[PDB]
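Observations on the three-dimensional arrangement
Spelled out, the chains give:
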Amino acid sequence: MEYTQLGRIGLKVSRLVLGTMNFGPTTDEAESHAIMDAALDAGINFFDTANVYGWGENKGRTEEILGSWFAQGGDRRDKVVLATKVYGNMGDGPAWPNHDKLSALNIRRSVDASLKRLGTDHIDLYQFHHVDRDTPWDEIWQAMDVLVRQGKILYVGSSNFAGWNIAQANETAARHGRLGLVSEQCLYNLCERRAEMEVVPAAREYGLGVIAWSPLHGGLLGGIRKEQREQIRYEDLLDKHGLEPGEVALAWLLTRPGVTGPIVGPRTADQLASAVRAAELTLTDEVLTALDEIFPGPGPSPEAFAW
Amino acid sequence: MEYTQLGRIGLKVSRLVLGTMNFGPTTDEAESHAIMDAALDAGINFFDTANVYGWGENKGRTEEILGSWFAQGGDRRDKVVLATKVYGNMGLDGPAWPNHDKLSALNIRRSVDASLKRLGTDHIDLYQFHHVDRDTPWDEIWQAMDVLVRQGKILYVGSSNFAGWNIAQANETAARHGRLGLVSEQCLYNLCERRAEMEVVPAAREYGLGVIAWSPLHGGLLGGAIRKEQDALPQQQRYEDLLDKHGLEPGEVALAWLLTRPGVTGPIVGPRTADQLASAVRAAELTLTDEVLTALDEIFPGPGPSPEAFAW
Amino acid sequence: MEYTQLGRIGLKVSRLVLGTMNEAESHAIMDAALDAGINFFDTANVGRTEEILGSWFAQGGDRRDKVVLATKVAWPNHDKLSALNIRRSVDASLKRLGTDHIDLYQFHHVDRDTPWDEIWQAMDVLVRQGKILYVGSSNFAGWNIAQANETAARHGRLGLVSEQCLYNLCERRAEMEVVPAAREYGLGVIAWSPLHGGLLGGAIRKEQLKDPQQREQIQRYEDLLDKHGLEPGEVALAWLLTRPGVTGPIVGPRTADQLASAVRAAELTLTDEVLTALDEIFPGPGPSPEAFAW
Amino acid sequence: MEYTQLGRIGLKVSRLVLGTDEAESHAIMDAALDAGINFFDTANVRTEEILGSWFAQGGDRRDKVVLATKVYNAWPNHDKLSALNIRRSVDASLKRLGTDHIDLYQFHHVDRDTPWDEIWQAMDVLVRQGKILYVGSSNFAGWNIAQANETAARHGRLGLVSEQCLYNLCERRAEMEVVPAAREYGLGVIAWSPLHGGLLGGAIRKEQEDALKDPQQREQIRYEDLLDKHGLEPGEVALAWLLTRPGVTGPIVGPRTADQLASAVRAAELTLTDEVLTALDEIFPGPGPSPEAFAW
Amino acid sequence: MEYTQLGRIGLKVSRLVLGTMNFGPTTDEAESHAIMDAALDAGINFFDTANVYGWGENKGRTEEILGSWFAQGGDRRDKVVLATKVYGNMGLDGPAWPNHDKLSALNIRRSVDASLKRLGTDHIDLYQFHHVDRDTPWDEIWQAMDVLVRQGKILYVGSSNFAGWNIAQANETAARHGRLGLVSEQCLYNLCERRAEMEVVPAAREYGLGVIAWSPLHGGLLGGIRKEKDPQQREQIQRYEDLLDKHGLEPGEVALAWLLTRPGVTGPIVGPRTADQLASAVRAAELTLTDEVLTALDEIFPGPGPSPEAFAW
Amino acid sequence: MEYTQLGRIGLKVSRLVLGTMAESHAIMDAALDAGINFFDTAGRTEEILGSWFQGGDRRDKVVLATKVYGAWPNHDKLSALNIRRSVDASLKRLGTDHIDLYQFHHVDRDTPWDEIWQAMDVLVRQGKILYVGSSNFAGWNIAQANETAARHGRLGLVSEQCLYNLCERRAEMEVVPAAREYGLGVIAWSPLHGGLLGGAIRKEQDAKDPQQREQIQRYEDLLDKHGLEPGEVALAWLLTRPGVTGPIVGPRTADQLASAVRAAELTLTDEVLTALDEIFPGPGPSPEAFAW
Ligand SMILES: NC(=O)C1=CN([C@@H]2O[C@H](COP(=O)(O)OP(=O)(O)OC[C@H]3O[C@@H](n4cnc5c(N)ncnc54)[C@H](OP(=O)(O)O)[C@@H]3O)[C@@H](O)[C@H]2O)C=CC1
């Protein structure tokens, strides 16, 4: 298992990040637990969840499933970097005022509900699930600082931010000796590469980790075999090279400059073992060039659209 | 029900603010609760109170009534943006024992603790200065407020009855050291009294505060007083006849007016009864047309911003 | 001659400010101002006034050295407070004035479209080139003063040292917020049109602008001063000199007599009953929020 | 002639930006002045020396324009944004322009190798000498605008006041990040190449006498037909559209004839209908802001 | 009873400060309690104590006595501004164990915890440094105090026995990081000893500190010979006793009342053993000294005024 | 010649400062050759130094100290206005393009430190001035001034000139402790107390008072008892005090200079110091001086 620093900070994390979205909705509590135990045995120390995970009326169930996993003892809590999220409505449909988004009010009520479901007295990485254009950064950093100084959270990360939101966030934190965002969780994969224009550049300038969510573009790059689509040629290129598609999509992300790693979302213990193999592939220079021609990326702005 | 950001901050509030000063001294506990439950159903999430509401010997009774409202559960506390105030003397009226009114750190500490206990909650969402205290410096005030912010006992700080230059001094002092400044100003603003337009509202708009107008009916005067001779206040009627003309109620139009004023978050509506609430609710969605505004403006001329309002 | 510090700063100025009048007769007035001990000269008028001061300094004899010189700042950017307009205005002013520095350089009016970091950029360029010493405002709201000086203090800069506001017996609404702000932040207050355009100069007696009930209060005014043997021109000035935070009024004498009167107004002590009576005739609003709430 | 504040600052400019032999340009600058255009830019659609001699004719020409120039695409330190190149480039520009100050001094392109404390040192030397009033950018990413202006504010310096970016009906990707950042930070947005090098100024009709070679490209350039159906000229509608976009100060126009000037002036006066806007949007789709543009 | 702001801050205090040094070592618990209820009845809201008050093996007795006073309910705690001190050795007199005196963050933590426990309250209003400690840097002291401010354990910080430049340095250092600095200096100031006027009081006034005068009677030396050292100093006590007999003034009341005329002075510490001494202090507050008396007092007891003039020009 | 860092800064100065009163030029050149580099004007004095700056690297070898020179409003005191006019007049009179140590003549309680530092920073940034010092300040004025400078990255006061000698030791209460905390050099002005400590009684052969004659006599006798000249001992006493850079001295001949030089080289005995301390006791620091 390969380890890296999470951007500029002192935290070391596995280059595979255990996504937990499926835990509860598509995978039951006991199988969720055994996937997590198997991640630990594979050296994966970095678990991503969110409050809203679970579905509809069962929002929070994923957090509860991790909660009962930690409750089994065995140094499970001590061993994981636990990451969750705040922004979402925990109620489905339109929200009551201040029960979503990033007001100090919603942050205060969200983190308490999360800590209670997770059965733990602290979150290691608390992440904004999305940018909230209506909350100013002095309000956001005030709320996060309350939680940091109480020992309730350690680090703060973003998800689905623009590059300039990362800049504004971290410049604002630094001005008053706050540690700013330590990571951005962004949609990045072979099919969708527009994060290269500004998000990954800003994150690397500011020393954020980059965690790629939906690394398989929600299954689309993990093998039609179970059946614009010309591209998904990829499959044929891999049949030719004897490479499994889910593995290549993951390993490809591990080659991208500044990417901490993908968030893997395995339903099964076997889907996990597949991801673990993906961290050990070494895609050849030939395969890289082909994959580039099938799935071109814009590269950084302003060149992506100008010169 | 219309919502807006409270000035520049992430907080979303109803453009009607439930005033509560009648809960206790005129309206009783069980009915106060009925009004508040009615406001929630109307989508009103923003409740204003103070420590001093209850009057005379029953100062703090209103805070206690909201306390028992929350104690009934049903997500009442969780759904409400709870605002109260500090500054007022909480002992029997007349001259205060020193540091038992105004805005020393000493009084802020004793007041918030007494309020939280009466309100039966662990935090106030918006804690407001009830008035400016010229004798307390902002480094002292922000120290006190920041202790409360970092313990999780308050989220936001707001002002009431400030001068525009007090708002600037407050927020520039907060910003210099990281702190979120004032997020709202509660000022006296209606058709009769528009001098908050000279400086208080421009300062608030510059600094990104929400503006909450208290006494939106100038103490009844604009809620059909002439037609209820069937405080005292000469040349202080054409208003009523213009509304009788146009087929509008006096109390509804006074509120609908403040809602068109630039930078105004909304009025503090202070119903004694349930139908007076629903009357406020109708005012929220009322639409004053270009013509009646011009008329109302002609009857109640405003000064507009300083220095123009007295100079050029 | 009565002196005060200009607000919080170390500059000492006469409590009479010599404004602009209407070439050889201006020079005579300015020399007589000097000999009366007036050292604070302003070009206050909401091009040639600067030139007249400049020809005054060319005579030598320590006229520039003895004087605190104060001045102020349509085709786009030829008005208002952009850094661009500020540079072109000061350059012209320095050429018209025939001096290499302005002592107090004032904004004419609040410009709600220029941010304070742009304004202080432009002012700091001039300060550090030695072309200006201090900065003041005119026709600001109270909160503009607070904003301006809070922004200045953040980066070590001396902020506004003076506000020039319309302030006289008839118009007292500067007392609501402008003067309190100015006192909080230690700005000198310079009262413009102290006589209210002549209206308090005893202009019923000169009849041998405004006349509904403004007339009645001006009559009750002249009458009171008749009954006390005090000149109307003198009293309106001396009243401002009793107001907390006021440095002094801008006076523009064109004759030796008008100067001599202003000088007498500075040495005039008004009794408590005069003041109580002027206050009855000419009520002030007091400070916000008390002026209009509690 | 419509004026706007440049971004958040107190400078007012014409919403047309006058970009770029000696006698011909000297004459059309004088007519731009007379049409109310005060914003003169040395970006193209020796240039500085032409402007130089124009001022040299007296007549309050310098006093009436906002002058905008750029740092000069190789010997080390003769390109890019080191303090060294800034010093040699501004000095050369002031001599050429025959003036003692530039109103807007712009960067030509983000330089990833120069840190912002070095750039602002250099700009600040020039600000404090009176040599420059404001600083602007060209071809930045959104986050470069954020980092620059957050670095300037930290030490009391005014930051970037403007960004000049490629923006027109055909290239709307400045709308993802560059334009939202500019708006957050109060930069005026100056649209460079507003007619896409010619393509949006009746290019198909002008064939009856770039790459129209690709079939999907020319099918969009439907635009000409829509404008015929409403009786509007393309060279004008391309400019007027940009003037409706949030945050845009104005486009850079390079008129040479009286007719190009008169037509530019008309485009600044043209109010387009919601129907045409909606119609132009269907043809020329915008990406929306990030992260919505590609995530949610 | 006359009130004033404590320097520049919003706190309003009586111009008489109740000293408690006698509560425990001479006055017993029960009579102390009666003097404190009597002080409250006179409108005196400002109570000064110290950890070391009690002397010898009984250090801390005074704080315990105020603690038992608060425990009697009746809004006693809620009505006073409670001030105590840190710096002093709380063990056996004679050289302290290292870090058991002075102003280390270590000694500040243990002293405050012990004071709060003895005082039987969760917070002190004014926590004062009993003396300057030149060995502790201000970034350490303000860290220590800010910890207590943010826990709600103290509100305000004050000094005692500082030099003027210590006041400036402390507050400049606090202001640098948004901390309220010292709100008050408790300095030795009275008729025989006016050298605080040189720099201490000018510095306090510039920085907006309250000035509280301790030893207001120079240890009884200005409270009346008539109950009976250096011949040139007994000389000036006689001229002072002689002058107040002539005007029918009690020397105890004038020494206090004189301090209330000095610019920048909040008020004196009055330290009663008995109820009659307290009533006497209250009458000292109501007294209006005449210009003749002030000018004669000044004639007897000259001050230096401020530096640099006091020694140069 | 003994040299020292001036307070905390990198400038090295002689522990003798050359105060002021064609003959002048000669004693200045003599002082140079004696190794004295620190020249202090403490008008006209300035005009004379300017004519000296004849060439021969004269300006280049000296640390040139002057004063603000402090009536018509704003022709005294420390407003930005008066600072600008005094410095310009001083640079013209001194015939040089920069002053090394520009000093305030007194504390001005009416000018705030943000105004003062604006004026000095202007001058610093134009290269007209390198360092700023004070004269006749209180300790807290030093503290306030230097805290205000440092908040904005400005070098603060680097020296205080205070009245300091055996007779008048009250600078030790607070002025000298503040100076030492903030790393200012202390320049002792009037080191002989107007002439009283330079053998005044034997010159008899300002103060009739028998209490201070008493004191001078015990000093003069003690100096005969150990065969030491008072004009030298009064200088040498100050050079032993903590934080003292050195005294100002104004020798007019080859022979007075050479007595100054010897005072700077003379070690005083611990016995003579204990004896000088008994005759001329010091107040000690505040608050101990008057509290505990
Ligand atoms: N911040 C945000 O906005 C969001 C963040 N996330 C985070 O990122 C994580 C990943 O998102 P998700 O969409 O699940 O990611 P993927 O794109 O990896 O989708 C996972 C799915 O792909 C298939 N799959 C998983 N592992 C393998 C494998 N090793 N080989 C082949 N196929 C495989 C399975 O689909 P099948 O059903 O066919 O078996 C599985 O359910 C989440 O768990 C969450 O923590 C995700 C979405 C939103």
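Header annotation of the entry names X-ray crystallography as the structure determination method and lists the resolution as 2.32 Å.

What follows deals with the overall build of chain E. Looking only at helices and strands, one finds 11 helices and 10 strands in chain E. The C-alpha atoms of chain E give a radius of gyration of 19 Å, which matches the 20 Å a tight globule of 313 residues would have. For chain E, the C-alpha atoms occupy an extent of roughly 55 × 50 × 40 Å along the three principal directions. Here chain E holds 313 residues, and 57% of them are scored as buried.

With that out of the way, let us pick up the overall build of chain D. The helix and strand inventory of chain D stands at 12 helices and 10 strands. A globule of 296 residues ought to have a C-alpha radius of gyration of about 19 Å, and chain D, at 19 Å, matches this closely. Each principal axis of the C-alpha atoms in chain D carries an extent, and together these give about 55 × 50 × 40 Å. Relative to its 296 residues, chain D shows a buried fraction of 56%. Here chain D has roughly 12500 Å² of accessible surface; of this, 47% comes from carbon and sulfur atoms. Distance from the positive charge centre (30 side chains) to the negative charge centre (43 side chains) of chain D: 4 Å.

In a regular helix each residue adds 1.5 Å, so 13 residues correspond to 18 Å; helix α5 (residues 116–128) of chain D covers 18 Å between its end C-alpha atoms and thus fits that length. Buried within α5(D) we find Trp116(D), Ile119(D), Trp120(D), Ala122(D), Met123(D), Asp124(D), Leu126(D) and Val127(D). In this fold, the buried residues of α5(D) make contact with α5 (116–128) of chain C together with α4 (83–97), β6 (102–106), β7 (132–138), α6 (142–154) and β8 (160–166) of chain D.

We now examine the packing of aromatic side chains. Following the criterion strictly, the structure yields 53 aromatic pairs over all chains and no others. Residues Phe128(A) and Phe161(A) carry aromatic rings whose centres are separated by 6.2 Å and whose planes lie at 10° to one another, so their mutual orientation is stacked. Of this pair, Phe128(A) sits in strand β6 (residues 123–128) while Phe161(A) sits in the loop between β7 (153–159) and α6 (163–175), placing them 33 residues apart in sequence. According to the relative accessible area criterion, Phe128(A) is buried, its value standing at 0%. With centroids separated by 5.8 Å and ring planes inclined at 65°, the aromatic side chains of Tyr53(E) and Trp55(E) adopt a geometry described as edge-to-face. Site record: aromatic cluster; members linked through ring pairs are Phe128(A), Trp137(A), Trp141(A) and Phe161(A).

The immediate surroundings of the ligand are formed by 25 residues, with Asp48(A), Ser159(A), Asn160(A), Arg267(A) and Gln271(A) found nearest. Around the ligand the close residues trace back to chains A and D. Within the contact set of the ligand, an oxygen atom lies 3.1 Å away from a backbone nitrogen or oxygen of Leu216(A). At 3.1 Å from an oxygen atom of the ligand is found a main-chain nitrogen or oxygen belonging to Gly218(A). For the ligand, whose free accessible area comes to 920 Å², the fraction covered by protein is 83%. Here the shell around the ligand takes three residues from helix α10 (residues 269–278) of chain A, the largest share from any one element.

To continue, consider the side chain of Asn165(F). All names here are of chain F. Inspection of the secondary structure assignment puts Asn 165 in the loop between β8 (157–163) and α7 (175–182). Reaching out from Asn 165, the side chain makes a polar contact with the backbone nitrogen of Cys 167 at a distance of 3.0 Å. Engagement of the side chain of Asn 165 in a polar contact is seen with the backbone oxygen of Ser 190, the distance being 2.9 Å. If near-sequence neighbours (up to four positions away) are discounted, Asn 165 is found in contact with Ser 190, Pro 191, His 193, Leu 197, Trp 237 and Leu 238.

A few words on the sheet that holds strand β9 (residues 210–214) of chain E. Residue and element names in this part refer to chain E. The strand order around the closed barrel formed by eight strands is β3-β4-β5-β6-β7-β8-β9-β10, and the pairing between neighbours is parallel. Within this sheet the neighbouring strands show an average axis-to-axis angle of 30°, counted without direction. Note that β9 and strand β10 (residues 265–270) share three bridges and pair parallel. When the sheet's bridge partners are listed, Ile 212 is paired in β10 with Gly 267.

As for its placement among the helices and strands, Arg179(B) is situated in the loop between α6 (164–176) and β8 (182–188). Side-chain polar atoms of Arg179(B) contact the side chain of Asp146(B), separated by 3.4 Å.

So, about the pairing of strand β5 (residues 63–67) of chain F. All names here are of chain F. With respect to burial, β5 is a largely interior element, five of its five residues being buried. The alternating pattern of β5 places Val 63, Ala 65 and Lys 67 on one face and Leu 64 and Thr 66 on the opposite face, and all of these are buried. As judged from the three bridges shared by strand β4 (residues 38–40) and β5, these two strands associate in the parallel manner. Directly across from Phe 39, in β5, lies its bridge partner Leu 64. Looking at chain direction, β5 and strand β6 (residues 99–103) are connected through three bridges and run parallel. The partner of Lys 67 across the bridge, within β6, is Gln 103.

This paragraph deals with the pattern of salt bridges. Going through the model one piece at a time under the given rule, you end up with 125 salt bridges over all chains. One salt bridge connects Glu207(D) with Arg218(D), and the closest N-O pair in it is separated by 3.0 Å. Three or more residues are tied together by salt bridges with common partners; here these are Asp145(A), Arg149(A), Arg178(A), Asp146(B), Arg150(B), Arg179(B), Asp146(E), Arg150(E) and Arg179(E).

Turning to the nonpolar core, a few remarks are in order. A general feature of soluble globular proteins is that nonpolar side chains tend to end up buried together. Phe129(B), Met145(B), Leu296(B), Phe41(C), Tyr134(D) and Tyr156(E) are the most contacted members of the largest nonpolar core, which has 200 residues in total. Dropping the residues within four chain positions of it, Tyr134(D) is found in contact with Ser82(C), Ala83(C), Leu84(C), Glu118(C), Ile9(D), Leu11(D), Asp103(D), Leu104(D), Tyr105(D), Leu158(D) and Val161(D). Core analysis: the next-biggest nonpolar cluster, separate from the first, contains 181 residues, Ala104(A), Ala173(A), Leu221(A) and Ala122(D) among them.

Here the focus is α6(D). With 13 residues, α6(D) should cover 18 Å at 1.5 Å per step; its first-to-last C-alpha distance of 19 Å lies within 8% of that length. Judged by how many residues are buried, α6(D) sits mostly within the fold: 11 of 13 residues are covered. Along α6(D), the residues classified as buried are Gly142(D), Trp143(D), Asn144(D), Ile145(D), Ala146(D), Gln147(D), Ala148(D), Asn149(D), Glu150(D), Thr151(D) and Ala152(D). Looking at the buried residues of α6(D), the elements they touch are α6 and α7 (199–205) of chain A together with α5, β7, β8 and α7 (178–185) of chain D.

What follows deals with the interface of chain A and chain B. Contacts between chain A and chain B engage 21 residues on the former and 28 residues on the latter. Approximately 2100 Å² of surface area, both sides summed, lies buried where chain A meets chain B, with 50% of it carried by carbon and sulfur atoms. Applying the counting criterion to the chain A and chain B interface returns three salt bridges. Of the residues forming the side of chain A that touches chain B, the biggest block, six residues, is contributed by helix α5 (residues 137–149) of chain A. In the side of chain A that touches chain B, the residues fall into six nonpolar, seven polar and eight charged.

This brings us to the interface of chain D and chain A. Of the residues lining the interface, 36 residues belong to chain D; the matching set on chain A comes to 36 residues. Of the roughly 3100 Å² buried where chain D meets chain A, counting both sides, 58% is carbon and sulfur surface. Of all residues in chain D, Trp143(D), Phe294(D) and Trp296(D) bury the most surface against chain A, accounting for 24% of the area lost on that side. Connecting chain D to chain A are four salt bridges. A salt bridge links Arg112(D) to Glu303(A), with the shortest nitrogen-to-oxygen separation between them at 3.0 Å. Applying the counting criterion to the chain D and chain A interface returns 17 residue pairs in polar contact. Listing elements by their share of the side of chain D that touches chain A, those giving two or more residues are α6 and α7 of chain D. Class assignment of the residues belonging to the side of chain D that touches chain A gives a composition of 20 nonpolar, eight polar and eight charged.

Residue and element names in this part refer to chain F. Sheet architecture is closed into a barrel: eight strands sit in the order β3-β4-β5-β6-β7-β8-β9-β10, paired in parallel fashion. The pairing of β8 with strand β9 (residues 185–189) spans five bridges and is classified as parallel. Each bridged residue has a counterpart across the sheet, and for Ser 159 the counterpart in β9 is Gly 185.

What counts and how
Residues numbered from 1 in each chain as written, not as in the entry; some residues may be left out. Chains lettered and ligands numbered in written order. Part of a larger assembly, values for the part shown. Heavy atoms only, no water. Helix = DSSP H or I, 4+ residues; strand = E, 2+ residues; numbered from the N terminus. Rg over C-alpha atoms; globule rule 2.2 N^0.38 Å. Buried < 20%, exposed > 50% of the residue type's maximum accessible area, 1.4 Å probe, protein only. Areas by Shrake-Rupley, 256 points an atom, 1.4 Å probe, with all protein chains shown as cover. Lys, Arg positive; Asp, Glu negative; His and termini not counted. Charge placed at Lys NZ, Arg CZ, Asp CG, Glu CD. Expected span 1.5 Å × (residues − 1). Contact = heavy atoms within 4.5 Å. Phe/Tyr/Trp six-rings, centres within 6.5 Å; stacked < 30°, edge-to-face > 60°. Near = heavy atom within 4 Å. Polar contact = N/O pair within 3.5 Å; in protein donor to acceptor, adjacent residues only side chain to side chain. Pairing = 2+ DSSP bridges. Axes fitted to C-alpha atoms, helices over the stretch in contact; angles between N-to-C directions. Salt bridge = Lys/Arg side-chain N within 4 Å of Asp/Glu carboxyl O. Core = buried A, V, L, I, M, F, W, Y, C linked by side-chain atoms within 4.5 Å. Buried area = accessible area lost by both parts, 1.4 Å probe. Nonpolar A, V, L, I, M, F, W, Y, C, P; charged D, E, K, R; others polar.

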